[PDB]
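# Structural overview for review
What follows is each chain in one-letter form.
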Amino acid sequence: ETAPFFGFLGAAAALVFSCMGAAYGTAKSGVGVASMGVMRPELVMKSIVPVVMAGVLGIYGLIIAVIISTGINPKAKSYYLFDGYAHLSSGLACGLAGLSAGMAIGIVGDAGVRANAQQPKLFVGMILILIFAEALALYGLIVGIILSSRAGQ
Amino acid sequence: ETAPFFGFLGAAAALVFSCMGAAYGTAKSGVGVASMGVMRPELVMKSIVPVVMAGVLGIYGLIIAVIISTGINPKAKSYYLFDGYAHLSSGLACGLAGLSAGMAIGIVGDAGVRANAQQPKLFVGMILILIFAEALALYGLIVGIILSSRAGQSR
Amino acid sequence: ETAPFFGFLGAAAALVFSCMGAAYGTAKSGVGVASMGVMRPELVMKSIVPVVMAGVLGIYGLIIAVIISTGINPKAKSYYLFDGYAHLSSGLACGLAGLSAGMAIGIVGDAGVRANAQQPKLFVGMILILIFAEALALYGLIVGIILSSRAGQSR
Amino acid sequence: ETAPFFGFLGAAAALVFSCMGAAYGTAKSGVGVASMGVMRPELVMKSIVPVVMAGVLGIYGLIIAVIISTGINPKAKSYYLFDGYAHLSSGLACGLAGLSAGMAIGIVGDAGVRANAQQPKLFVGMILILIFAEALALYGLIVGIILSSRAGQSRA
Amino acid sequence: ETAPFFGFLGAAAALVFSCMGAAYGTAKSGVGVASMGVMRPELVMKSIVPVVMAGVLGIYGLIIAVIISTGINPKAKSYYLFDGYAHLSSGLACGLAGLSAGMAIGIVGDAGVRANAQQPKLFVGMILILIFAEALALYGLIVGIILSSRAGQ
Amino acid sequence: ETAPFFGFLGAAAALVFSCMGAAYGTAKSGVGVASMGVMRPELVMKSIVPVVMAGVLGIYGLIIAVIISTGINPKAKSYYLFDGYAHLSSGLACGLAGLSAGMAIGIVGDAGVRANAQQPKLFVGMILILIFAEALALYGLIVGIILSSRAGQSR
Amino acid sequence: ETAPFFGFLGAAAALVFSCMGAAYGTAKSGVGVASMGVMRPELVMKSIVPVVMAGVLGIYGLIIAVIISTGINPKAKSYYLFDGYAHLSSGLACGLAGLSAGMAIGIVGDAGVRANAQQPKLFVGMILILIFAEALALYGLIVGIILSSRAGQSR
Amino acid sequence: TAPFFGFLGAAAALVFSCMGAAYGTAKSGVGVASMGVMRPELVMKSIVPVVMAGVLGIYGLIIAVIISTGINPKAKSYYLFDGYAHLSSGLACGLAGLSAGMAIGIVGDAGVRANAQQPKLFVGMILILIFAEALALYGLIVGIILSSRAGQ
Amino acid sequence: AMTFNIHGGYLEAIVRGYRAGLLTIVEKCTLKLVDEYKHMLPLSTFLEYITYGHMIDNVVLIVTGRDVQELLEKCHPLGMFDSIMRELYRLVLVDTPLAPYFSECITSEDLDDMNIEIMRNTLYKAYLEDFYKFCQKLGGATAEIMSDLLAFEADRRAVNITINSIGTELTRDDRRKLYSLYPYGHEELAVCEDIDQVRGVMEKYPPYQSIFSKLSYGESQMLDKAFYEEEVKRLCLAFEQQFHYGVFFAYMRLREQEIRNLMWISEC
Amino acid sequence: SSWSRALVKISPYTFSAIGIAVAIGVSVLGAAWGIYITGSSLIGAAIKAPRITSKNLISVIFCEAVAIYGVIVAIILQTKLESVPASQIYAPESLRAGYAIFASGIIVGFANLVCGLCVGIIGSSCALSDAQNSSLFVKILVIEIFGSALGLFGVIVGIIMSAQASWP
Amino acid sequence: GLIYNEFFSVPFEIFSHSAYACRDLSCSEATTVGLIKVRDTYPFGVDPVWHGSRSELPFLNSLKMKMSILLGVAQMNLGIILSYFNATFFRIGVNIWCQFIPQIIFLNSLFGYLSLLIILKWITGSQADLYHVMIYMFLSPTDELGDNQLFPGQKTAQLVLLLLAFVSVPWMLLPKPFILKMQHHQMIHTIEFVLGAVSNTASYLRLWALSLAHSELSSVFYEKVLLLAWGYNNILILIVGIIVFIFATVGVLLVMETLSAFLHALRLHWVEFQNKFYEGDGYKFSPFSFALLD
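Residues numbered from 1 in each chain as written, not as in the entry; some residues may be left out. Chains lettered and ligands numbered in written order. Part of a larger assembly, values for the part shown. Heavy atoms only, no water. Residues with missing side-chain atoms left out of burial classes, pairs and counts.

- For this deposited structure, the header cites cryo-EM as the method used and 4.0 Å as the resolution.

## Some words on the overall build of chain A
- What chain A contains, in helices and strands, is 5 helices and 0 strands.
- For chain A, the N- to C-terminal ordering of α and β elements is α-α-α-α-α.
- With the C-alpha coordinates of chain A rotated into their principal frame, the extents come out at 60 × 20 × 15 Å.
- Sequence-distant contacts, at least 24 apart, represent 96% of the contacts inside chain A between residues at least 6 apart. (Helix = DSSP H or I, 4+ residues; strand = E, 2+ residues; numbered from the N terminus. Contact = heavy atoms within 4.5 Å.)

## Examining the overall build of chain H
- If you tally the helices and strands in chain H, you get 4 helices and 0 strands.
- Each helix and strand of chain H, ordered N terminal to C terminal, gives the series α-α-α-α.
- The principal-axis extent of the C-alpha atoms belonging to chain H is close to 60 × 20 × 20 Å.

## Concerning the UniProt feature "transmembrane region" in chain A
All names here are of chain A.
- The positions that UniProt labels "transmembrane region" are, in the present scheme, residues 5-25, 48-68, 88-109 and 122-147.
- As annotated, residues 5-25 comprises 100% helix and 0% strand, and the C-alpha atoms at either end are separated by 30 Å.
- Between the C-alpha atoms that bound residues 88-109 the distance is 31 Å, and the span itself is 100% helix and 0% strand. (UniProt positions renumbered as here; feature names shortened; annotations may be inferred.)

## Some details on the interface of chain F and chain G
- Taken together, the contacts link 17 residues of chain F with 19 residues of chain G.
- Examining the composition of the side of chain F that touches chain G, we find that 14 residues originate from one element, helix α1 (residues 3-37) of chain F, more than from any other.
- Taken together, the residues of the side of chain F that touches chain G break down into 15 nonpolar, 2 polar and no charged. (Nonpolar A, V, L, I, M, F, W, Y, C, P; charged D, E, K, R; others polar.)

## Some thoughts on the packing of α1(F) against helix α3 (residues 49-71) of chain F
Residue and element names in this part refer to chain F.
- Put simply, α1 and α3 touch, their axes get as near as 9 Å, and they point 175° apart. Classified by the angle between their axes, α1 and α3 sit roughly antiparallel to one another. Contacts between α1 and α3 involve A11, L15, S18, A22, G25, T26 and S29 on the former and, on the latter, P50, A54, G58, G61, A65 and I68.
- Along the lines of polarity and charge, the residues of the contact of α1 with α3 split into 7 nonpolar, 6 polar and no charged. (Axes fitted to C-alpha atoms, helices over the stretch in contact; angles between N-to-C directions. Parallel < 35°, antiparallel > 145°, perpendicular 65-115°, else oblique.)

## Some points on the arrangement of the chains
- Counting contacts across all 11 pairs of chains that touch, the top pair turns out to be chains F and G.
- At no point do chain E and chain H touch; the closest pair of C-alpha atoms across them sits 30 Å apart.

## Thoughts on unusual backbone geometry
- If you check the backbone angles, I:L215 has positive phi at about 65° while not being a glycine.
- Of note, K:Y278 is a non-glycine position whose phi angle comes to about 65°, a positive value.
- With respect to the helices, strands and loops of the structure, K:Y278 is situated in the segment after α10 (235-273).

## As for the environment of A:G61
All names here are of chain A.
- Note on placement: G61 falls in helix α3 (residues 54-70).
- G61 sits 24 residues away from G37 along the chain, and the two C-alpha atoms are 30 Å apart.
- Apart from residues no more than four positions distant in its own chain, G61 is found in contact with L15 and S18.

## Quick notes on the UniProt feature "transmembrane region" in chain H
Residue and element names in this part refer to chain H.
- When the UniProt feature table is mapped onto this chain, "transmembrane region" is found at residues 4-24, 47-67, 87-108 and 121-146.
- The distance from the first to the last C-alpha atom of residues 47-67 is 31 Å, and the span holds 100% helix and 0% strand.
- Taken end to end, residues 121-146 has its terminal C-alpha atoms 39 Å apart, with 96% of it in helix and 0% in strand.

## Notes on the packing of helix α1 (residues 3-38) of chain H against helix α2 (residues 40-69) of chain H
Residue and element names in this part refer to chain H.
- For the pair α1 and α2, interaxial distance at closest approach is 9 Å and the crossing angle is 175°. Overall, the two elements α1 and α2 adopt an arrangement that is roughly antiparallel. From α1, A10, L14, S17, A21, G24, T25, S28, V32, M35, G36 and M38 reach across to α2, where they touch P40, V43, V50, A53, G57, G60, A64, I67 and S68.
- Grouping the amino acids of the contact of α1 with α2 by side-chain chemistry returns 12 nonpolar, 8 polar and no charged.

Quick look at the structure:
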């Protein structure tokens with residue numbers, strides 16, 4: 001009965017948490033880029049793309065929200081609490097993973113913006129750190145997809 | 001019914017909130033005026049205008065409380081849950097508006113005491129902020145009176 | 001039924017809030033007068049006005065609470081929940097107004113002690129500020145008295 | 001029958017939050033005006049724009065509250081469940097929008113008043129920023145007017 | 001039946017709050033007295049006036065607690081809720097008044113210790129301030145006694 | 001049935017709160033003594049008075065707790081809720097009084113230990129202040145004894 | 001019945017609070033010991049006594065927990081709600097007393113160790129303070145034992 | 001039905017124990033790195049206090065294992081007493097481990113600095129830390145005793 | 001604890017690396033250290049206070065005039081920043097922590113800041129105000145170091161007053177009224193008119209005991225050198241610099257001490 | 001009673017799913033926090049000198065191991081799910097399975113968070129220590145590896161608890 | 001300790017054989033209507049049966065409280081009496097008759113009702129009073145009632161004592177300033193004396209509390225030792241228990257208890273006994289009798 005409400009709430013949380021995490025990471029990276037621009041403006045665009053990389057987390061959250069929305073329909077089946085609660089849990093897990101990854105990526109980018117300016121040879125290390133951080137987001141997306149798969153009971 | 005359990009409580013809370021806001025504003029204004037008078041005793045008498053203007057909140061709150069109290073009378077006519085709920089809402093709105101106006105007037109007067117002490121040219125001009133705050137308080141009181149006028153609308 | 005609970009709670013809240021406000025005001029006044037007691041002991045004697053005003057506000061709150069308590073005579077007339085709710089609201093309003101007035105008067109006196117120590121010409125302004133602050137307590141007491149009187153209109 | 005309580009509470013909350021936002025804006029506006037005083041007393045009159053904006057926000061909040069209160073007609077059109085929840089939601093939305101607009105207007109006006117001394121010709125740009133901020137108040141008033149009757153009179 | 005569970009609690013709360021206020025005042029009073037005695041041992045004995053007056057609040061609280069305890073006489077009359085609630089409210093009011101008076105007296109004594117140390121000419125003013133503060137405690141005790149007197153239903 | 005739970009909880013709370021107050025007082029006195037005795041050996045023993053003055057409160061609390069525990073005897077009298085409520089009230093009063101006395105005694109003892117290096121003429125005043133503060137513990141013990149005595153007379 | 005769900009909870013809470021207090025004491029004691037021994041390694045051995053004094057509270061709490069655990073045996077007798085409630089009260093009292101004593105002992109020992117190298121008289125002063133503090137822990141343990149023993153009757 | 005509390009006890013016992021274990025290991029580790037900046041040889045031996053803190057996790061892990069094994073529903077009827085006892089047993093072990101680790105972290109962090117200053121006091125720091133670490137062992141004893149009360 | 005990783009970690013690591021790398025040549029080293037400090041731009045307030053430390057002395061020096069134009073030659077950004085004669089003093093009262101207090105305390109301008117002794121008194125008052133402001137920002141272990149530095153400055157000023165400045169109206173009352181455990185127990189140094197009396201006063205603090213020793217060196221100098229030299233000798237404590245704590249002030253002090261040592265080297 | 005009955009009548013499937021999701025979420029959050037903590041120090045050291053990038057990467061790998069373990073635990077929990085039949089929606093077996101799943105998830109999440117925080121702090125200290133001296137890197141790495149065992153122990157406990165699932 | 005009939009936390013053979021004997025109860029439980037019938041009172045100390053009985057706590061607590069009250073009354077009376085001797089020795093003015101007499105009379109009379117009630121309950125065996133109804137009789141400030149009163153004149157005696165106490169308040173404040181004005185600082189004695197009398201009266205219970213705490217600690221130690229000796233009678237276990245008991249006696253019973261008792265006794269002596277004498281000031285005269293050389 002309330003399973004559709006639980007699923008809708010879970011999808012909303014999955015969208016909102018990922019959006020907030022991506023926004024925080026992007027804001028931190030933008031502040032770092034603005035600080036670094038006055039020193040070596042030639043390198044302002046050399047790290048702007050990893051700064052805006054929070055769009056990846058935003059898109060992942062949007063995809064998770066769309067997937068959660070797709071799976072809820074009375075016509076297909078009168079899904080019970082076992083389905084709505086599962087969808088809500090999958091959405092919440094995906095959103096929390098996205099928010100954590102976004103915050104970590106924002107901090108890492110804030111560090112790397114100054115690090116690359118101080119040492120151009122550290123760009124590869126910063127990229128490696130960013131990829132290691134985004135591994136968590138990839139794992140979270142995989143877990144969310146796996147959890148949402150079983151929700152179609 | 002249990003109408004005064006909310007209506008009378010709201011009537012009391014209106015005056016309580018209005019008094020609290022007026023007290024905060026008057027305290028800030030008095031601290032500023034004392035500092036200004038210490039700086040110059042000449043401006044102490046002339047700088048009491050914001051302090052007096054902050055007192056309109058108390059009068060408005062007292063009037064609203066009296067109106068709300070007169071609006072509750074089981075002997076004249078039984079008041080339902082709606083009749084008390086509307087009065088409580090009007091009292092809460094009036095009290096919150098009075099508190100906000102009092103805080104704003106207090107901050108404005110605290111700034112204006114120093115502003116007048118420094119530049120006498122802007123002293124009279126600064127009264128626009130106090131006028132705006134008083135207008136906000138009057139608008140809140142009008143809204144509260146409009147809300148309270150629906151006491152007899154029930155049936 | 002359970003109306004005496006509400007009435008007693010309201011009276012106790014009124015007394016407690018009035019006492020707390022008076023205590024805060026008196027503490028602020030004493031903190032202010034501590035400096036005047038050494039800088040100019042001749043003017044220190046006249047500096048006890050805010051303490052007297054705070055005591056007056058506390059006395060007014062206590063009087064309102066005593067009136068509210070005296071209004072509860074179960075053996076004379078049964079106390080309906082309406083009367084208890086009205087009395088509790090009146091007590092809460094009186095206590096909140098007294099506490100706010102006491103805090104404002106305490107801050108005003110704390111500022112005015114230094115203000116008068118710097119310049120004796122600020123005594124008139126300090127007195128005016130104190131009177132304006134006490135007006136709020138007077139209005140709160142009047143509202144509480146009106147509410148207490150209206151509390152007996154149920155049937 | 002308990003819906004009118006929620007409706008009146010929503011109207012009161014709209015008025016209260018609009019007043020709170022207006023006061024929060026006006027406090028910063030007055031602080032900025034006082035700060036700009038003495039340094040440039042000539043521009044005292046030109047600095048009253050944030051005061052006008054705060055007054056406009058308060059007037060809009062009062063108008064929204066009066067519009068909500070105009071729907072308190074229990075003598076006809078039995079309130080049902082919609083007339084309380086819809087009115088409460090509209091009042092809450094209008095009040096929150098007013099509070100946010102007041103905070104933004106106060107911040108922008110204080111910043112402009114403080115910056116009015118440096119590059120005094122930037123008063124037009126400051127007023128433009130203030131208007132772009134205060135447009136949120138009009139948007140919130142429009143939303144409240146839309147919600148004033150969309151879910152209120154369609155209970156049937 | 002549940003009236004004593006409120007009356008005894010009210011009496012205990014009255015005693016506890018009076019003791020707490022007395023201790024709060026006495027801490028500041030003793031700190032100021034020790035400071036003054038270190039600075040000027042001559043007036044140390046005469047500076048214990050706020051310290052001594054602090055115990056008056058505790059004495060009044062103990063008296064109110066004794067009166068409340070004597071109020072609960074189940075054998076004399078079946079304790080209805082109308083008496084237990086009134087006793088609890090009276091105790092709460094007395095305790096709150098005592099705590100407020102204790103805080104005010106502590107602040108006043110802390111100021112007055114330094115005031116007298118700088119110049120003993122303000123002893124009269126300090127005593128007057130202390131008396132004005134204790135007037136609140138006296139009013140609270142009177143109100144509590146009056147409220148407790150109404151236990152006759 | 002549930003009354004003995006309330007009584008045992010009250011006794012336990014009395015003991016625990018008295019222990020906490022005594023511990024706070026003893027810790028404050030110990031910090032003060034450690035600070036003072038580094039300079040002179042006088043504070044080693046001549047100023048160890050608060051160390052036992054604070055433990056006196058803990059002893060009083062333990063005595064009150066033992067009395068309360070001995071008060072309960074289901075095999076001798078089937079305790080109603082009255083006995084449990086009275087025991088809980090007595091325990092709470094005793095524990096709160098013990099905590100307040102412990103805090104006040106600790107603060108005063110720390111101040112006295114700090115002032116020990118000053119003129120020794122203040123030792124008498126410090127002892128008098130400590131005794132006046134500790135009078136609160138005796139007052140609390142008396143209140144608890146009175147409550148325990150009145151506890152068993154339930155109908 | 002549901003009495004074990006409270007009795008075992010109280011027994012566990014006793015040990016938990018005792019361990020928390022012992023750890024809080026030991027952390028401060030170790031910090032002070034390291035600070036003292038940084039400059040005077042000779043007195044490090046003499047400064048370790050408060051650590052053991054605080055650790056004794058852990059043994060006391062363990063003994064109280066063992067007694068409480070042995071005091072519950074459904075196979076022996078029907079543990080009514082009174083027995084479980086009394087056991088829980090004893091556990092809570094013992095644990096809270098142990099935690100307070102541990103915190104106080106840790107503060108006092110840290111202060112004494114910091115002052116240990118300043119004067120050799122600290123070796124006696126801190127020992128006396130620690131003994132006076134552990135007296136409170138012993139009193140709490142005795143009270144807990146008495147309550148646990150009294151829990152055995154349950155009519 | 002009641003077995004929910006019993007299952008929660010085992011999880012709480014490990015969670016609260018590891019919470020204090022990480023805090024103790026973090027403080028101990030930070031001091032070790034500070035000493036290792038200058039004193040090369042002293043840092044290697046000072047890792048024992050960190051190793052001592054990590055042992056507390058093992059003690060909590062074993063306690064959790066026993067609780068899990070005793071929650072067999074199909075073996076014996078897990079009445080409310082068994083669930084209440086297991087939850088109580090876990091609560092003491094988890095709370096005690098958290099406190100015991102916290103003291104070790106505070107003591108260990110100072111100990112690294114003390115050893116780097118005067119190597120003589122290294123024995124004294126170990127003795128105090130060892131005595132403090134006994135509280136976790138004390139908590140382990142209480143956990144076994146409480147868990148053993150699952151007979152009926 | 002997690003706030004360090006939340007923010008400020010990279011700056012802390014950079015500062016630690018720069019300090020670990022540390023060990024007209026003196027002028028060049030000072031310029032390099034100042035450039036390293038400037039390029040590093042919560043911790044902002046700490047950096048502002050650290051700069052204001054030497055900025056108080058820089059502003060005091062600039063307050064002259066009287067060959068005032070020579071102050072541009074020593075415009076080291078570490079302490080002589082442009083942002084940090086009553087008419088000019090009021091203008092300079094902004095952008096400095098101790099300036100607003102010195103505006104009232106030194107309102108006599110050159111009258112209370114005479115270049116012979118009263119200028120040193122104004123400098124000491126400004127240093128006391130700056131030390132109070134720095135101690136106000138409590139929350140870290142640097143409070144002990146700041147208190148030790150302020151105590152050393154106050155004790156050195158008191159020793160100088162008792163040695164020869166007593167004739168310059170730097171009496172026992174002036175030992176704390178004008179001459180900037182000391183914040184609570186500085187009264188013991190008001191009567192330390194002799195080197196033996198100075199050692200006896202130092203005996204009141206066992207850590208300060210034996211620090212004076214024979215007092216042939218360190219205490220022999222006037223102004224703020226007597227107990228400040230004790231802090232310089234004991235600066236090995238500052239060399240500890242435990243991690244995850246504010247060490248920017250420690251690094252700045254170490255760089256300043258290294259610059260001073262290089263200057264003292266000079267021609268061997 | 002009625003409130004107690006309602007509390008006892010809550011659906012266990014919702015609690016089990018909540019715990020399963022929370023385990024993965026907390027593991028991811030702890031791993032990300034530890035990764036950021038290590039990365040700040042690594043970036044600082046690289047700014048000081050890029051010579052120790054290979055040594056620093058070990059801390060990042062160890063931090064990511066916590067996320068890997070959490071993901072594995074989440075996959076196991078997802079495998080542990082069942083069909084949740086309507087008839088046995090309140091059966092004792094279903095309630096026991098849900099409670100066990102929730103407990104295992106909470107334990108795994110808390111242990112992962114603690115291990116991630118400890119590993120992040122250790123790596124942050126170790127990077128600075130290595131920048132101070134490369135000779136101490138071995139001991140710091142050993143200490144970090146020893147501290148990483150908290151996550152492994154938590155995962156083992158969660159796996160042991162996972163055997164309790166018996167949902168029909 | 002000999003008076004208390006407790007030796008090393010254990011009773012022993014009193015001068016009599018057995019003060020109280022179980023009324024019948026050859027097989028019946030102790031808790032019964034018959035309970036224990038006393039042949040005669042043991043003169044050397046308390047009844048040996050009472051110490052180890054379940055009812056040990058209430059009877060011992062009541063006896064200790066009564067003894068503490070009586071001892072405090074006696075000490076206060078002695079301190080107040082010393083005032084007249086001090087005034088005569090120093091040939092003080094009429095202030096003794098002006099202030100010392102009311103000061104020594106008011107507190108004496110105020111505590112006299114309680115002391116006499118305690119004695120009468122002890123003497124007349126008025127079990128209708130016990131420890132509690134004595135306070136209950138003392139509780140009522142108003143007249144009338146007196147149903148539980150045991151003194152034949154208590155109905156009028158209480159009113160007379162209340163009137164005397166009320167009248168004594170001004171008599172302790174006026175005459176000394178009156179004599180000072182006639183012959184031409186009382187604020188220090190004013191207010192302070194009234195509260196101080198009650199404070200000193202209350203503080204006497206510290207002795208009873210300390211005695212009860214010492215008894216409880218000794219009982220706990222003895223119980224632990226007995227439990228070790230009975231069930232753990234094995235040689236190693238018995239030796240370990242004996243060592244533990246010795247250590248506990250050295251720590252708590254020997255050191256802590258004695259230190260606390262000494263501190264409490266000194267506090268009581270200064271607080272009350274010294275309050276009515278000494279008066280402070282002065283200095284210790286000492287000649288150059290080679291004191292440093294000595």
